[PDB]
């Protein structure tokens, strides 16, 4: 429809998944709010537009089409008003900074040590599968009450939910181009139900300190629980992004540091720089790259585009974090970049609820990794490939060290 952007008609889903940064570099210059045909949606690509849409009183949350097919209702990311307020009040207690600080060290540090002991003397490792993902899912899984769900299974679940929730491609008529791509999401949800329904049955009668037990009971009249159908979509939301993203953030931060060997050495030598390294890592390759959206509630003009009411806008925060209006050479990882605001945790009333927790998980994991393997080096025989448009991270991270 927009004539000068006719080249967007030839952008493919595979291209965006393999590397979205060249298309989005053009979008940020040509059309900070642009309709991308293969995605079937307007997309916000700059920091100014993403922040404006995410915080505007004329927009509210909406789930992406593939997200809605994957999660249903009421996914915390896709609802508003009283339901959103209730779901926020449900999840926020265990994520409060004063609460996290009471137990985060005793949670994550023994988990990190357990996985490190399996390989720290091998001299080689694939850190995504052997360390980053397991620590991320084991830490959250224990907090949630899924202690008996193996980390291999949690990792499989977030991979399947990832592919289902980012199965966004549409055809010429706006219909999903790959309808078969939701089936493995449906299979994961069925497996999750078989595992979690007995745990809920038990928590209803015998509450404990697990987060899901508290989701059932907190704030409820005596003897009542939230219906499991009301909380399952937020359980699924956790089993995708809350499980996946801290592992993604760790791994991207390591890849970035390896790209700047002088900076990797600084951080190993001075672990107090790890939080700064992670913040730059999240900006440099945002784990949640383009997974959420908002919808206009009235006619509104954004970046020169007059949008009717009811218009969805995808928030490509991963592109916003390479906005050259804010950052110098954003495609380069730079630990010594001035610490500026970033959008890797989103913005507004639907901004990430788990920032403080996530930052500590990533911090502790990297502290223990560098303590156990100070001479870590990247395996330069194997290149690092990143994959993902909705969620983005390295598919593997082969490293070596002198034993």
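Numbering follows the first chain given and starts at 1.
Student: Mean CA temperature factor from the deposited coordinates, higher in 147 to 155 or in 227 to 235?
Tutor: Stretch with the higher mean C-alpha B-factor: 147 to 155.
Student: On mean C-alpha B-factor from the PDB entry, just flag whether 202 to 210 or 76 to 84 is the higher one.
Tutor: Going by the record's values, the stretch with the higher mean is 202 to 210.
Student: Specify which of 97, 325, 241, 318 carries the largest Cα B factor in the deposited PDB entry.
Tutor: Largest recorded C-alpha B-factor: 325.
Student: Out of 102, 163, 283, 189, whose C-alpha atom has the biggest B factor in the entry?
Tutor: When the deposited C-alpha B-factors of 102, 163, 283, 189 are compared, 102 is largest.
Student: When the modelled residues of the chain are sorted by Cα temperature factor, does residue 262 land in the lowest, middle or highest third?
Tutor: For residue 262, the deposited C-alpha B-factor lands in the highest third.
Student: Taking only the Cα B-factors deposited for this chain, tell me whether residue 64 sits in the lowest, middle or highest third.
Tutor: As the PDB entry reports it, the C-alpha B-factor of residue 64 lands in the lowest third of its chain.
Student: Thinking about Cα B factors across the chain, which third does residue 390 belong to?
Tutor: Lowest third - that is where residue 390 ends up once the chain's C-alpha B-factors are sorted.
Student: Going by what the PDB entry lists, where does residue 23 fall on CA B-factor within its chain: lowest, middle or highest third?
Tutor: Middle third - that is where residue 23 ends up once the chain's C-alpha B-factors are sorted.
Student: Is the Cα B-factor recorded for residue 46 in the lowest, middle or highest third of its chain?
Tutor: As the PDB entry reports it, the C-alpha B-factor of residue 46 lands in the middle third of its chain.
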